[PDB]
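S.K.: In UniProt numbering, the protein residues as written are 3 to 299.
Quick reminder that beta carbons are idealized off the backbone N, C-alpha and C, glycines included.
The structure under discussion is supplied below as C-alpha cells; questions concerning it will follow.
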Amino acid sequence: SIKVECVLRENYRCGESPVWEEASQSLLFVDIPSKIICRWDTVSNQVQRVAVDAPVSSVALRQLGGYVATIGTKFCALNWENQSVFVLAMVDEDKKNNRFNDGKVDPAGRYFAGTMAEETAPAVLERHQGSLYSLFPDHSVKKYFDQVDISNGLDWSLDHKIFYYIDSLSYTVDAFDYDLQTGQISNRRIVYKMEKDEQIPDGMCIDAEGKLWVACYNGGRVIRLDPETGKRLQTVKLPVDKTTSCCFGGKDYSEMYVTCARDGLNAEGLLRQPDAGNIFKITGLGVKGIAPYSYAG
Ligand SMILES: [Ca+2]
C-alpha cells in the first residue's frame, strides 16, 4: 500500500536537493530563494539552518566531514560546527546573471552541478545560458557542455557506465556514456520523453533496480521510468503541484522524500495547496534507492 504523507511543515518557498544522511538520520535540503541550507533531524524532529548570502541550489555530503553546496555560481564548503562557508571554486564568471541549479555527487566523489540564467518567473529566463560542471576531489572544475536552459536532475547507473541528465526545458531525460575513473561523458541520447501532463522534468534519482524516479514540476507527481525501454512504469501523485525533487532515505533507503515549492502559486493556488513548500515522504513503493555518494575533496 503506497502512502503519501506530509512529514515536515515548514512552508519553504522552493524546497530542493533532498539528500539523506544515514550517519545523522537527517534530511539535508535547500530552500533556494530563502538562502538557507537545511538539516532536518528526523529523530528529534528539529530543523537547523545555515543562512548563506546568495540563492543556494543544492547541498551534498562531504566525505572528510561536513557538507558542500552550490551558492550562486560557487561550489562552497560548509563546516557545520562553526557554520563556516567558503568558496572551493567558481564557474560562469563571464555570465552576468547565472546561478547553479541541481547537483549531485558521482560514484567517484565528484560534485556534478549545472547552471542556468536567473529566472524572473518559473521557466522564464534567457535561454541556453547554463552549462554542466563537475568539481573534482582536487578542487579543479571540469566543464562538460553548454547551451543548457535549466540544469536539473541527474544520477548514475548502478554499473557506473551511464550518466542520466535533465535539462528541464528540453522535456526529456537524457543519457551519456560515463567513465568512472576520469569522470568523462559522451554519446548523449534521449531516454525518456515527458508527456504533456507530466509537465516539467525536475529532480531525479535512481532506484536499486536501475529505474529512474523523476519529480514533475507543475505535474504534482513523481514518475518511475525505465531508461532502457523509454517507458513510464509508475506514477504517484501528491497534493502539491510544484513537486521539485526526490531522493531515497530512511532505513535501507526504502522511503522516498519529495520536496516542493509554493513560489509561483497564485492566491487561489496556495489555498488549494495548503502543504505547498513542505516535505513529503512516500512509503510502500516496493523498491529501495541507494545511498548518496559523498564529495571526495
Ligand atoms: Ca530542480
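Which same chain residues, not among the five before or five after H141, have their C-beta less than 7 Å away from its C-beta?
M.R.: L90, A91, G299
S.K.: Would you mind giving the Cβ-Cβ distance between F282 and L240, rounded to the nearest angstrom? I have them listed as a contact below 8 Å.
M.R.: 6 Å
S.K.: In whole angstroms, give me the CA-to-CA distance for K76 and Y180.
M.R.: 24 Å
S.K.: Is residue 2 near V61, with beta carbons less than 8 Å apart?
M.R.: The structure shown has nothing for residue 2, since the chain only spans 3 to 299.
S.K.: My assumption, with CB atoms under 8 Å, is that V126 sits in contact with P294. Please give the rounded CB distance.
M.R.: So it is not a contact: roughly 31 Å between Cβ atoms.
S.K.: Measure how close the beta-carbons of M206 and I168 come, nearest whole angstrom, since I'm counting them as under 8 Å.
M.R.: 6 Å
S.K.: Report yes or no: do three or more beta-carbon pairs, one from the stretch 226-238 and one from the stretch 192-204, lie closer than 8 Å?
M.R.: The answer is yes - the stretch 192-204 touches the stretch 226-238, with three or more Cβ pairs under 8 Å.
S.K.: Inspect the beta-carbon positions of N280 and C8 and report whether they are closer than 8 Å.
M.R.: yes
S.K.: Compute the minimum distance between the beta carbon of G205 and the heavy atoms of ligand 1, and state whether it is under 7 Å.
M.R.: yes
S.K.: Is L137 buried or exposed, if buried means 16 or more other CB atoms sit within 10 Å of its CB?
M.R.: buried
S.K.: Is any non-hydrogen atom of ligand 1 found closer than 7 Å to the C-beta of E83, if you look at the structure I gave you?
M.R.: no
S.K.: Less than 7 Å between the CB of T246 and some heavy atom of ligand 1, yes or no?
M.R.: yes
S.K.: Which residues mark the beginning and the end of the beta strand (DSSP E) in which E270 is found?
M.R.: Where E270 is concerned, there is no enclosing beta strand (DSSP E), although the alpha helix (DSSP H) it sits in stretches over 269-274.
S.K.: When the Cα atoms are used, what is the spatial distance from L287 to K253?
M.R.: 14 Å
S.K.: Which of the three DSSP states is assigned to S256 in this structure?
M.R.: coil
S.K.: What are the partner residues of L137, as DSSP defines its beta bridges?
M.R.: DSSP output for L137 lists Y113, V143 as bridge partner(s).
S.K.: Taking a contact to mean a Cβ-Cβ separation below 8 Å, would you say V260 touches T237 in this structure?
M.R.: no
S.K.: Count the other CB atoms, across all protein chains shown, that sit within 10 Å of the CB of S3; report buried if there are 16 or more and exposed otherwise.
M.R.: exposed
S.K.: Pick helix, strand or coil for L171, following the three-state DSSP scheme.
M.R.: helix
S.K.: Is the CB-CB distance between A119 and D104 below 8 Å?
M.R.: no
S.K.: Within the stretch 29-88, note down every full beta strand (DSSP E) run reaching 3 residues or more, in order along the chain.
M.R.: 38-43, 48-53, 58-63, 69-73, 76-81
S.K.: Pick from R112, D33, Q65: whose alpha carbon is nearest that of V54?
M.R.: Taking the Cα of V54 as reference, the smallest distance to any Cα among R112, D33, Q65 is reached at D33.
S.K.: Using DSSP bridges, identify the partner residues of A119.
M.R.: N100
S.K.: Tell me which residues share the same chain as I208 and place their Cβ nearer than 8 Å to its Cβ, disregarding the 5 neighbours each side in the sequence.
M.R.: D157, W158, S159, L160, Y166, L214, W215, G291, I292
S.K.: Give me whichever residues DSSP pairs with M92 in a beta bridge.
M.R.: DSSP, once it has assigned bridges, lists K76 as partnering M92.
S.K.: What is the residue span of the beta strand (DSSP E) that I208 lies within?
M.R.: 202-208
S.K.: Can you check DSSP and say which residues form a bridge with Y295?
M.R.: For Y295, which the question treats as bridged, DSSP gives no partner whatsoever.
S.K.: Just confirm the distance between the C-beta atoms of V52 and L80, as a whole number of angstroms; I'd bet it's less than 8 Å.
M.R.: Indeed they touch by this definition, with Cβ atoms about 6 Å apart.
S.K.: When every heavy atom of ligand 1 is checked, does at least one fall within less than 7 Å of the C-beta of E18?
M.R.: yes
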